[PDB]
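> Take a look at work_12.cif, mmCIF, C-alpha atoms and all ligand atoms:
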data_structure
loop_
_atom_site.group_PDB
_atom_site.id
_atom_site.type_symbol
_atom_site.label_atom_id
_atom_site.label_comp_id
_atom_site.auth_asym_id
_atom_site.auth_seq_id
_atom_site.Cartn_x
_atom_site.Cartn_y
_atom_site.Cartn_z
ATOM 1 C CA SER A 968 -14.163 8.543 7.161
ATOM 2 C CA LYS A 969 -15.623 9.006 3.685
ATOM 3 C CA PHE A 970 -14.012 12.450 3.200
ATOM 4 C CA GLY A 971 -16.479 13.502 0.514
ATOM 5 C CA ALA A 972 -15.850 10.506 -1.746
ATOM 6 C CA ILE A 973 -17.883 7.500 -2.858
ATOM 7 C CA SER A 974 -16.931 5.343 0.141
ATOM 8 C CA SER A 975 -14.078 4.915 2.598
ATOM 9 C CA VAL A 976 -13.026 1.445 1.376
ATOM 10 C CA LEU A 977 -10.366 1.758 -1.319
ATOM 11 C CA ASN A 978 -10.465 -1.923 -2.279
ATOM 12 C CA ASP A 979 -14.153 -1.499 -3.121
ATOM 13 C CA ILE A 980 -14.104 1.887 -4.856
ATOM 14 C CA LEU A 981 -11.243 0.634 -7.038
ATOM 15 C CA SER A 982 -13.159 -2.425 -8.251
ATOM 16 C CA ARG A 983 -16.390 -0.407 -8.581
ATOM 17 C CA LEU A 984 -15.200 2.514 -10.756
ATOM 18 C CA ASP A 985 -12.812 2.768 -13.756
ATOM 19 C CA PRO A 986 -9.323 4.089 -12.742
ATOM 20 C CA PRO A 987 -10.139 7.651 -14.081
ATOM 21 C CA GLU A 988 -13.553 7.561 -12.299
ATOM 22 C CA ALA A 989 -11.913 6.374 -9.029
ATOM 23 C CA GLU A 990 -8.952 8.799 -9.518
ATOM 24 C CA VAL A 991 -10.941 11.776 -8.180
ATOM 25 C CA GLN A 992 -12.289 9.740 -5.259
ATOM 26 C CA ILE A 993 -8.823 8.301 -4.668
ATOM 27 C CA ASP A 994 -7.377 11.814 -4.450
ATOM 28 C CA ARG A 995 -10.091 12.799 -1.980
ATOM 29 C CA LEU A 996 -9.105 9.844 0.199
ATOM 30 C CA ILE A 997 -5.420 10.698 -0.296
ATOM 31 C CA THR A 998 -5.800 14.241 0.986
ATOM 32 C CA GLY A 999 -7.947 13.231 3.948
ATOM 33 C CA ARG A 1000 -5.544 10.557 5.130
ATOM 34 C CA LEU A 1001 -2.484 12.746 4.580
ATOM 35 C CA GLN A 1002 -3.932 15.681 6.520
ATOM 36 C CA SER A 1003 -4.860 13.402 9.424
ATOM 37 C CA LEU A 1004 -1.326 11.984 9.496
ATOM 38 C CA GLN A 1005 0.185 15.482 9.499
ATOM 39 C CA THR A 1006 -2.004 16.479 12.444
ATOM 40 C CA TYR A 1007 -0.915 13.379 14.354
ATOM 41 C CA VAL A 1008 2.795 13.997 13.830
ATOM 42 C CA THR A 1009 2.588 17.670 14.833
ATOM 43 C CA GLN A 1010 0.801 16.846 18.082
ATOM 44 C CA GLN A 1011 3.382 14.134 18.763
ATOM 45 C CA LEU A 1012 6.224 16.630 18.318
ATOM 46 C CA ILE A 1013 4.630 19.031 20.810
ATOM 47 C CA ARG A 1014 4.139 16.222 23.336
ATOM 48 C CA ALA A 1015 7.754 15.121 22.896
ATOM 49 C CA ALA A 1016 8.955 18.643 23.670
ATOM 50 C CA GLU B 340 -39.371 -9.083 -21.096
ATOM 51 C CA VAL B 341 -38.979 -5.498 -19.903
ATOM 52 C CA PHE B 342 -37.071 -3.903 -22.789
ATOM 53 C CA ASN B 343 -39.084 -5.634 -25.564
ATOM 54 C CA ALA B 344 -42.744 -4.961 -24.578
ATOM 55 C CA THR B 345 -45.513 -2.849 -26.062
ATOM 56 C CA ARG B 346 -47.047 -0.389 -23.573
ATOM 57 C CA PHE B 347 -44.220 1.084 -21.430
ATOM 58 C CA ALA B 348 -46.608 2.870 -19.127
ATOM 59 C CA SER B 349 -46.808 6.636 -19.042
ATOM 60 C CA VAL B 350 -44.580 8.863 -16.919
ATOM 61 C CA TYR B 351 -47.546 9.695 -14.678
ATOM 62 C CA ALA B 352 -47.607 5.991 -13.672
ATOM 63 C CA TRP B 353 -44.052 4.634 -13.931
ATOM 64 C CA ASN B 354 -44.198 0.778 -13.943
ATOM 65 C CA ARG B 355 -41.630 -1.247 -11.890
ATOM 66 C CA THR B 356 -40.391 -4.866 -12.234
ATOM 67 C CA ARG B 357 -38.243 -5.936 -9.221
ATOM 68 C CA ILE B 358 -35.422 -8.083 -10.608
ATOM 69 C CA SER B 359 -33.633 -10.570 -8.345
ATOM 70 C CA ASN B 360 -32.459 -14.197 -8.028
ATOM 71 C CA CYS B 361 -30.718 -14.349 -11.407
ATOM 72 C CA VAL B 362 -27.463 -13.528 -13.230
ATOM 73 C CA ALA B 363 -27.403 -10.189 -15.099
ATOM 74 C CA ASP B 364 -25.645 -9.991 -18.475
ATOM 75 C CA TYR B 365 -26.353 -6.508 -19.904
ATOM 76 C CA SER B 366 -25.188 -7.549 -23.386
ATOM 77 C CA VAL B 367 -28.843 -8.284 -24.189
ATOM 78 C CA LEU B 368 -29.545 -4.776 -22.895
ATOM 79 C CA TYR B 369 -26.873 -3.438 -25.265
ATOM 80 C CA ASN B 370 -28.120 -5.329 -28.325
ATOM 81 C CA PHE B 371 -31.906 -4.779 -27.713
ATOM 82 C CA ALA B 372 -31.716 -1.003 -27.897
ATOM 83 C CA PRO B 373 -30.015 1.567 -30.151
ATOM 84 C CA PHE B 374 -28.935 3.554 -27.111
ATOM 85 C CA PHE B 375 -29.209 7.344 -27.163
ATOM 86 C CA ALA B 376 -28.447 8.209 -23.523
ATOM 87 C CA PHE B 377 -26.814 5.789 -21.092
ATOM 88 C CA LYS B 378 -25.910 8.451 -18.532
ATOM 89 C CA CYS B 379 -25.252 6.426 -15.389
ATOM 90 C CA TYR B 380 -24.365 7.917 -12.010
ATOM 91 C CA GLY B 381 -24.078 5.136 -9.430
ATOM 92 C CA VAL B 382 -22.716 2.371 -11.698
ATOM 93 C CA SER B 383 -20.274 2.140 -14.663
ATOM 94 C CA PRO B 384 -21.535 0.380 -17.866
ATOM 95 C CA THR B 385 -17.933 -0.926 -18.308
ATOM 96 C CA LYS B 386 -18.153 -2.750 -14.920
ATOM 97 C CA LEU B 387 -21.850 -3.711 -14.451
HETATM 98 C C1 LIG A 1101 -39.889 -8.291 -29.374
HETATM 99 O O1 LIG A 1101 -41.130 -8.977 -29.407
HETATM 100 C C2 LIG A 1101 -41.662 -9.182 -30.732
HETATM 101 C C3 LIG A 1101 -42.979 -9.901 -30.556
HETATM 102 O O2 LIG A 1101 -42.799 -11.142 -29.881
HETATM 103 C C4 LIG A 1101 -40.675 -9.971 -31.587
HETATM 104 O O3 LIG A 1101 -41.182 -10.055 -32.916
HETATM 105 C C5 LIG A 1101 -39.328 -9.261 -31.602
HETATM 106 O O4 LIG A 1101 -38.356 -10.011 -32.318
HETATM 107 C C6 LIG A 1101 -38.830 -9.042 -30.179
HETATM 108 N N1 LIG A 1101 -37.565 -8.344 -30.189
HETATM 109 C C7 LIG A 1101 -36.498 -8.802 -29.538
HETATM 110 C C8 LIG A 1101 -35.283 -7.928 -29.576
HETATM 111 O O5 LIG A 1101 -36.514 -9.874 -28.943
HETATM 112 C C1 LIG A 1102 -45.476 -3.740 -15.650
HETATM 113 O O1 LIG A 1102 -44.807 -4.419 -16.703
HETATM 114 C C2 LIG A 1102 -45.146 -5.813 -16.843
HETATM 115 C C3 LIG A 1102 -44.339 -6.331 -18.005
HETATM 116 O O2 LIG A 1102 -44.692 -5.630 -19.192
HETATM 117 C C4 LIG A 1102 -46.644 -5.984 -17.066
HETATM 118 O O3 LIG A 1102 -46.950 -7.375 -17.060
HETATM 119 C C5 LIG A 1102 -47.414 -5.299 -15.948
HETATM 120 O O4 LIG A 1102 -48.813 -5.370 -16.185
HETATM 121 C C6 LIG A 1102 -46.991 -3.842 -15.821
HETATM 122 N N1 LIG A 1102 -47.675 -3.236 -14.702
HETATM 123 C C7 LIG A 1102 -48.334 -2.083 -14.800
HETATM 124 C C8 LIG A 1102 -49.243 -1.751 -13.657
HETATM 125 O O5 LIG A 1102 -48.200 -1.341 -15.766
#
Represent the structure from my file as structure tokens, please.


Amino acid sequence: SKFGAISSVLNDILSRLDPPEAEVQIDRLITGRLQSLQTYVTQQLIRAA
Amino acid sequence: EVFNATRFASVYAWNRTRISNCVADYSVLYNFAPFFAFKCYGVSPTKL
């Protein structure tokens, strides 16, 4: 998922933009991935109960 | 041959030279023009 950034492939957006330019896009990716992981773990806890 | 010509058409008819099958070194672009605005959006001049 692109998550509102340049593209979903970190290896490409890192070699395409300068670190400051990618920074913003990298943070967009960071928050998307982290929120998805949090959702997964919460649902797993409910299922385990 | 595009940045050192004589009649850069008018904005009502914007000319277009498709460039392919070559190696692009924009240092000639840098040295052929006293740049005033190089505001790029999809590409970085540092990595081009
Ligand atoms: C542009 O073309 C003119 C005419 O051939 C030439 O005198 C001039 O040196 C050229 N400029 C560059 C940057 O090549
Ligand atoms: C576009 O630019 C090239 C190079 O200067 C020229 O040969 C050609 O005639 C131009 N085309 C038009 C329609 O302006």

> Extract, using all atoms listed in the file, all DNA, RNA and protein residues at most 9 Å from residue 995 of chain A, discarding same-chain residues fewer than 3 positions from it, and format them as a PyMOL selection string.

chain A and resi 969-972+990-992+998-1000

> What's the separation between atom CA of residue 355 of chain B and atom CA of residue 983 of chain A, in Å to one decimal place?

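About the pair atom CA of residue 355 of chain B and atom CA of residue 983 of chain A: they are 25.5 Å apart.
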
> Kindly provide, as lines of an AutoDock Vina configuration file, the centre and edge lengths (Å, one decimal) of an axis-aligned box around all atoms of ligand LIG 1102 (chain A) given in the file, with 6 Å on each side.


center_x = -46.8
center_y = -4.4
center_z = -16.4
size_x = 16.9
size_y = 18.0
size_z = 17.5

> What residues in chain B have any atom no more than 9 Å from chain A when counting all atoms listed in the file, and can you write them as a PDB file with C-alpha atoms, in the coordinates of the input?


ATOM      1  CA  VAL B 382     -22.716   2.371 -11.698  1.00  0.00           C
ATOM      2  CA  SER B 383     -20.274   2.140 -14.663  1.00  0.00           C
ATOM      3  CA  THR B 385     -17.933  -0.926 -18.308  1.00  0.00           C
ATOM      4  CA  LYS B 386     -18.153  -2.750 -14.920  1.00  0.00           C
ATOM      5  CA  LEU B 387     -21.850  -3.711 -14.451  1.00  0.00           C
TER       6      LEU B 387
END

> Within 12 Å of ligand LIG 1102 (chain A), which residues show up when you count only C-alpha atoms and all ligand atoms? List them as a short mmCIF file (atom, residue, chain, number, x, y, z; two decimals) with C-alpha atoms, in the frame of the given file, please.


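Done, and the output landed in part.cif:
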data_model
loop_
_atom_site.label_atom_id
_atom_site.label_comp_id
_atom_site.auth_asym_id
_atom_site.auth_seq_id
_atom_site.Cartn_x
_atom_site.Cartn_y
_atom_site.Cartn_z
CA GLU B 340 -39.37 -9.08 -21.10
CA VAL B 341 -38.98 -5.50 -19.90
CA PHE B 342 -37.07 -3.90 -22.79
CA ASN B 343 -39.08 -5.63 -25.56
CA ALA B 344 -42.74 -4.96 -24.58
CA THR B 345 -45.51 -2.85 -26.06
CA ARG B 346 -47.05 -0.39 -23.57
CA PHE B 347 -44.22 1.08 -21.43
CA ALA B 348 -46.61 2.87 -19.13
CA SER B 349 -46.81 6.64 -19.04
CA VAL B 350 -44.58 8.86 -16.92
CA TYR B 351 -47.55 9.70 -14.68
CA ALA B 352 -47.61 5.99 -13.67
CA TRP B 353 -44.05 4.63 -13.93
CA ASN B 354 -44.20 0.78 -13.94
CA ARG B 355 -41.63 -1.25 -11.89
CA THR B 356 -40.39 -4.87 -12.23
CA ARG B 357 -38.24 -5.94 -9.22
CA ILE B 358 -35.42 -8.08 -10.61
#

> Quick one: distance from atom CA of residue 1012 of chain A to atom CA of residue 996 of chain A in Å, one decimal?

24.7 Å

> Got a sec to write segment 974-1003 of chain A of the block to a file, N, CA, C and O atoms, as a PDB file, in the first residue's frame?


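Result file follows (out_36.pdb):
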ATOM      1  N   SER A 974       5.881   5.992  -3.402  1.00  0.00           N
ATOM      2  CA  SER A 974       5.595   4.623  -3.808  1.00  0.00           C
ATOM      3  C   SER A 974       5.860   3.714  -2.619  1.00  0.00           C
ATOM      4  O   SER A 974       6.495   4.110  -1.644  1.00  0.00           O
ATOM      5  N   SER A 975       5.371   2.483  -2.717  1.00  0.00           N
ATOM      6  CA  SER A 975       5.386   1.545  -1.607  1.00  0.00           C
ATOM      7  C   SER A 975       6.693   0.778  -1.490  1.00  0.00           C
ATOM      8  O   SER A 975       6.824  -0.053  -0.589  1.00  0.00           O
ATOM      9  N   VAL A 976       7.659   1.023  -2.367  1.00  0.00           N
ATOM     10  CA  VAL A 976       8.910   0.269  -2.383  1.00  0.00           C
ATOM     11  C   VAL A 976      10.007   1.153  -1.804  1.00  0.00           C
ATOM     12  O   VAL A 976      10.481   2.094  -2.451  1.00  0.00           O
ATOM     13  N   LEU A 977      10.416   0.830  -0.577  1.00  0.00           N
ATOM     14  CA  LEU A 977      11.386   1.642   0.150  1.00  0.00           C
ATOM     15  C   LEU A 977      12.731   1.664  -0.557  1.00  0.00           C
ATOM     16  O   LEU A 977      13.380   2.711  -0.650  1.00  0.00           O
ATOM     17  N   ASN A 978      13.174   0.510  -1.053  1.00  0.00           N
ATOM     18  CA  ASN A 978      14.460   0.431  -1.736  1.00  0.00           C
ATOM     19  C   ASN A 978      14.515   1.367  -2.932  1.00  0.00           C
ATOM     20  O   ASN A 978      15.594   1.837  -3.302  1.00  0.00           O
ATOM     21  N   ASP A 979      13.367   1.653  -3.546  1.00  0.00           N
ATOM     22  CA  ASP A 979      13.341   2.534  -4.706  1.00  0.00           C
ATOM     23  C   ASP A 979      13.185   3.992  -4.298  1.00  0.00           C
ATOM     24  O   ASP A 979      13.874   4.861  -4.833  1.00  0.00           O
ATOM     25  N   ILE A 980      12.292   4.291  -3.352  1.00  0.00           N
ATOM     26  CA  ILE A 980      12.154   5.688  -2.939  1.00  0.00           C
ATOM     27  C   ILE A 980      13.392   6.194  -2.220  1.00  0.00           C
ATOM     28  O   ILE A 980      13.597   7.407  -2.142  1.00  0.00           O
ATOM     29  N   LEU A 981      14.224   5.304  -1.681  1.00  0.00           N
ATOM     30  CA  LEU A 981      15.444   5.752  -1.021  1.00  0.00           C
ATOM     31  C   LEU A 981      16.513   6.126  -2.039  1.00  0.00           C
ATOM     32  O   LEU A 981      17.253   7.091  -1.840  1.00  0.00           O
ATOM     33  N   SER A 982      16.605   5.378  -3.135  1.00  0.00           N
ATOM     34  CA  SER A 982      17.585   5.675  -4.170  1.00  0.00           C
ATOM     35  C   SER A 982      17.071   6.677  -5.191  1.00  0.00           C
ATOM     36  O   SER A 982      17.818   7.057  -6.095  1.00  0.00           O
ATOM     37  N   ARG A 983      15.823   7.118  -5.059  1.00  0.00           N
ATOM     38  CA  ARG A 983      15.226   8.090  -5.965  1.00  0.00           C
ATOM     39  C   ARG A 983      15.219   9.503  -5.397  1.00  0.00           C
ATOM     40  O   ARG A 983      15.206  10.463  -6.167  1.00  0.00           O
ATOM     41  N   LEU A 984      15.150   9.616  -4.067  1.00  0.00           N
ATOM     42  CA  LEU A 984      15.055  10.955  -3.427  1.00  0.00           C
ATOM     43  C   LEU A 984      16.198  11.123  -2.423  1.00  0.00           C
ATOM     44  O   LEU A 984      16.670  10.099  -1.891  1.00  0.00           O
ATOM     45  N   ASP A 985      16.613  12.366  -2.170  1.00  0.00           N
ATOM     46  CA  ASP A 985      17.664  12.623  -1.151  1.00  0.00           C
ATOM     47  C   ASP A 985      17.098  12.254   0.225  1.00  0.00           C
ATOM     48  O   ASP A 985      15.871  12.359   0.402  1.00  0.00           O
ATOM     49  N   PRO A 986      17.926  11.825   1.202  1.00  0.00           N
ATOM     50  CA  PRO A 986      17.414  11.395   2.506  1.00  0.00           C
ATOM     51  C   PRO A 986      16.367  12.364   3.087  1.00  0.00           C
ATOM     52  O   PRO A 986      15.335  11.878   3.504  1.00  0.00           O
ATOM     53  N   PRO A 987      16.574  13.702   3.119  1.00  0.00           N
ATOM     54  CA  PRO A 987      15.537  14.624   3.600  1.00  0.00           C
ATOM     55  C   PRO A 987      14.253  14.514   2.764  1.00  0.00           C
ATOM     56  O   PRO A 987      13.183  14.504   3.342  1.00  0.00           O
ATOM     57  N   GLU A 988      14.391  14.439   1.438  1.00  0.00           N
ATOM     58  CA  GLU A 988      13.207  14.327   0.545  1.00  0.00           C
ATOM     59  C   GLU A 988      12.457  13.032   0.874  1.00  0.00           C
ATOM     60  O   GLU A 988      11.221  13.087   1.018  1.00  0.00           O
ATOM     61  N   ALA A 989      13.185  11.918   0.994  1.00  0.00           N
ATOM     62  CA  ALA A 989      12.552  10.613   1.296  1.00  0.00           C
ATOM     63  C   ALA A 989      12.027  10.610   2.735  1.00  0.00           C
ATOM     64  O   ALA A 989      11.004   9.950   2.979  1.00  0.00           O
ATOM     65  N   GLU A 990      12.702  11.319   3.645  1.00  0.00           N
ATOM     66  CA  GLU A 990      12.307  11.318   5.081  1.00  0.00           C
ATOM     67  C   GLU A 990      10.779  11.374   5.200  1.00  0.00           C
ATOM     68  O   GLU A 990      10.207  10.454   5.817  1.00  0.00           O
ATOM     69  N   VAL A 991      10.148  12.419   4.655  1.00  0.00           N
ATOM     70  CA  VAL A 991       8.700  12.549   4.797  1.00  0.00           C
ATOM     71  C   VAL A 991       7.997  11.299   4.289  1.00  0.00           C
ATOM     72  O   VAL A 991       7.141  10.739   4.976  1.00  0.00           O
ATOM     73  N   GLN A 992       8.360  10.836   3.091  1.00  0.00           N
ATOM     74  CA  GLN A 992       7.738   9.636   2.542  1.00  0.00           C
ATOM     75  C   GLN A 992       8.033   8.423   3.413  1.00  0.00           C
ATOM     76  O   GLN A 992       7.168   7.556   3.607  1.00  0.00           O
ATOM     77  N   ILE A 993       9.246   8.359   3.958  1.00  0.00           N
ATOM     78  CA  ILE A 993       9.625   7.253   4.821  1.00  0.00           C
ATOM     79  C   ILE A 993       8.784   7.257   6.086  1.00  0.00           C
ATOM     80  O   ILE A 993       8.366   6.202   6.565  1.00  0.00           O
ATOM     81  N   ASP A 994       8.494   8.438   6.635  1.00  0.00           N
ATOM     82  CA  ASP A 994       7.632   8.501   7.812  1.00  0.00           C
ATOM     83  C   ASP A 994       6.202   8.105   7.482  1.00  0.00           C
ATOM     84  O   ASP A 994       5.514   7.494   8.310  1.00  0.00           O
ATOM     85  N   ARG A 995       5.727   8.459   6.290  1.00  0.00           N
ATOM     86  CA  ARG A 995       4.395   8.021   5.882  1.00  0.00           C
ATOM     87  C   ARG A 995       4.316   6.498   5.845  1.00  0.00           C
ATOM     88  O   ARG A 995       3.385   5.887   6.395  1.00  0.00           O
ATOM     89  N   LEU A 996       5.318   5.870   5.232  1.00  0.00           N
ATOM     90  CA  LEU A 996       5.391   4.413   5.216  1.00  0.00           C
ATOM     91  C   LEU A 996       5.485   3.854   6.631  1.00  0.00           C
ATOM     92  O   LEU A 996       4.843   2.848   6.956  1.00  0.00           O
ATOM     93  N   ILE A 997       6.289   4.494   7.480  1.00  0.00           N
ATOM     94  CA  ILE A 997       6.486   4.036   8.851  1.00  0.00           C
ATOM     95  C   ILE A 997       5.156   3.974   9.579  1.00  0.00           C
ATOM     96  O   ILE A 997       4.806   2.956  10.184  1.00  0.00           O
ATOM     97  N   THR A 998       4.386   5.058   9.521  1.00  0.00           N
ATOM     98  CA  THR A 998       3.124   5.082  10.245  1.00  0.00           C
ATOM     99  C   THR A 998       2.112   4.105   9.665  1.00  0.00           C
ATOM    100  O   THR A 998       1.401   3.449  10.436  1.00  0.00           O
ATOM    101  N   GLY A 999       2.064   3.935   8.345  1.00  0.00           N
ATOM    102  CA  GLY A 999       1.143   2.956   7.804  1.00  0.00           C
ATOM    103  C   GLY A 999       1.442   1.546   8.270  1.00  0.00           C
ATOM    104  O   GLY A 999       0.557   0.831   8.763  1.00  0.00           O
ATOM    105  N   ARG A1000       2.711   1.151   8.147  1.00  0.00           N
ATOM    106  CA  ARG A1000       3.103  -0.198   8.533  1.00  0.00           C
ATOM    107  C   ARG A1000       2.890  -0.427  10.021  1.00  0.00           C
ATOM    108  O   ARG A1000       2.406  -1.490  10.432  1.00  0.00           O
ATOM    109  N   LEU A1001       3.226   0.562  10.848  1.00  0.00           N
ATOM    110  CA  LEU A1001       3.093   0.395  12.289  1.00  0.00           C
ATOM    111  C   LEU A1001       1.635   0.268  12.703  1.00  0.00           C
ATOM    112  O   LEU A1001       1.298  -0.558  13.560  1.00  0.00           O
ATOM    113  N   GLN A1002       0.749   1.066  12.106  1.00  0.00           N
ATOM    114  CA  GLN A1002      -0.666   0.958  12.437  1.00  0.00           C
ATOM    115  C   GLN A1002      -1.231  -0.393  12.020  1.00  0.00           C
ATOM    116  O   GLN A1002      -2.017  -1.000  12.761  1.00  0.00           O
ATOM    117  N   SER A1003      -0.835  -0.890  10.845  1.00  0.00           N
ATOM    118  CA  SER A1003      -1.297  -2.213  10.427  1.00  0.00           C
ATOM    119  C   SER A1003      -0.834  -3.295  11.395  1.00  0.00           C
ATOM    120  O   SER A1003      -1.608  -4.193  11.755  1.00  0.00           O
TER     121      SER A1003
END
